[PDB]
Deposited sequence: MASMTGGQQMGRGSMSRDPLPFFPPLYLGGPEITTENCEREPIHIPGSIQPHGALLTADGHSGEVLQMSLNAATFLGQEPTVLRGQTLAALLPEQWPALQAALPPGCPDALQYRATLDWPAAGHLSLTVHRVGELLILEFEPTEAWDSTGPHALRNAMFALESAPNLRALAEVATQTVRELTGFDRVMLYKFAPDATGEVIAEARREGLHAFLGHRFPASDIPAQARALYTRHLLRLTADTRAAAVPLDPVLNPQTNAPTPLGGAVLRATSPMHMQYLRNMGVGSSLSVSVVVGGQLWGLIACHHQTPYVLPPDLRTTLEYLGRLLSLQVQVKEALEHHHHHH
C-alpha cells in the first residue's frame, strides 16, 4: 500500500522497520557522506546558509568565516557562470559542474544545482578513447543480451568494481540480474530475482529523475548539515539531487550484510520509466572520482537509447 512520507528522524519521525519501508523520506536525511562537503546558498543574494560539519576541512576555512561571506566573494569566477547556467525556476535535475583550484585542498570538483530559491554546492576532490570505443561497440551489439554483456564488461573495465550488474525491472517492480561481470571467486547473481520491496517505490521514483547515486563506504557515519533545517523555510533541505546525500540506514545495513563496502548504480530510463539499473559493488570502500563518474553517466544515456533500439528489434 502506498502511503505518504514520515517526517525525518530529526523532526521526531519514527525509526524505520521492514514494516514501513516505503515511507522513509530518503530525500531529506539532513546529512551527507564524508568524502565531500556541501554548502547551501540563497539563490539571489548568494548568502551561505547551511554547510556540512566537515566543510572547514575541505575548504580550509572556519565556519563563521564561510557563513559570513556571499558566493560572489567566495567564488568570484564561478558565481556569474552559476547564475547564467541555473536560472530561477529551472528544474532541480539540471546540474552545472566546474573544476576549482583551491589553495588548501588541491583540485576540487564543484557540482551545483538549484532547488527553488536554494543553490546546493557539492565539493569533492578530483584527479583515453575508451568511451568512444565503447560507444561504437554498444551500438554494434547484435541483440539485447550481447548489449547487456558488453555494457557490464565495459563498466567493470573502466571502474575496477568487483561486481557490475544489469538489473532489470519487471512490470511488478521485481527485478532480475540479466547480465553481470564479476571478479574471480565471487558467486554469480545472474538469473536471480528479487522482491519489489528490495527497492521501494519512493526510491524508484527518485531514481527516474536523478540518475546516479552511490554509497562510497557502507560503514561511514553521515555528516550533518549545520544548521539541519534550511533557515529560509525552517524546513528540511531537499537533497534528492545531491550525490553526496546520505544513504538510507536500511539500505546500508542491507549492503553490509551482503559484504559490500561500496555501491553505485546508474538509472536506465526508457519511455519515461525506470527500465533497469547498472548496479556496481566493491568489497572494500571505494571512491570513484567525479570525472570517471561522468563517463558512467554518459553510458547510462547511451544504454537507454540502445535498449530502446534493441527492444524495437523484437516484437
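Enquirer: How would you write out the unmodelled ranges of the deposited sequence, numbered from 1?
Expert: No coordinates exist for the deposited residues in 1 to 17, 145 to 150, 339 to 343, so these stretches are absent from the model.
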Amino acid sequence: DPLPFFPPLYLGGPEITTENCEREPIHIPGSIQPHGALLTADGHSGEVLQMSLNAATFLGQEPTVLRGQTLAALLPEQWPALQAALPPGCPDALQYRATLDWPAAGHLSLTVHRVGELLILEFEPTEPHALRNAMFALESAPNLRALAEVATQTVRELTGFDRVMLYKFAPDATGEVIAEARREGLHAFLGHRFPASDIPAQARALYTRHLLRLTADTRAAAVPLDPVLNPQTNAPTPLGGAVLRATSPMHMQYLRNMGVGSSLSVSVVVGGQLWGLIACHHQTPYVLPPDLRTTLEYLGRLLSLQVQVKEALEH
From here on, numbers count along this sequence of modelled residues.
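Enquirer: Which of the two stretches, 146 to 154 or 195 to 203, shows the higher mean Cα temperature factor in the record?
Expert: It is 195 to 203.
Enquirer: Which has higher Cα B-factors on average according to the PDB entry: 57 to 65 or 25 to 33?
Expert: If you average the C-alpha B-factors of 25 to 33 and of 57 to 65, the larger mean comes out for 57 to 65.
Enquirer: Between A173, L100, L239, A222, where does the Cα B-factor run highest in the record?
Expert: Of the options given, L100 has the highest CA B-factor in the PDB entry.
Enquirer: Would you mind checking which of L186, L212, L119, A130 has the top Cα temperature factor in the PDB entry?
Expert: In this record, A130 carries the highest C-alpha B-factor of the candidates.
Enquirer: Going by what the PDB entry lists, where does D226 fall on CA B-factor within its chain: lowest, middle or highest third?
Expert: Middle third, going by the recorded CA B-factors of the chain.
Enquirer: In terms of the chain's CA B-factor thirds, is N20 lowest, middle or highest?
Expert: Tercile = highest for this residue's CA B-factor.
Enquirer: Using the B-factors in the PDB entry, rank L9's C-alpha atom against the chain and give the third, lowest, middle or highest.
Expert: Answer is highest: the recorded C-alpha B-factor places it there.
Enquirer: If you rank the chain by CA B-factor, which third does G160 end up in: lowest, middle or highest?
Expert: Lowest third, going by the recorded CA B-factors of the chain.
Enquirer: By its CA B factor, does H113 count among the lowest, middle or highest third of the modelled residues in the chain?
Expert: Within its chain, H113 is a lowest-third residue by C-alpha B-factor, going by the deposited values.
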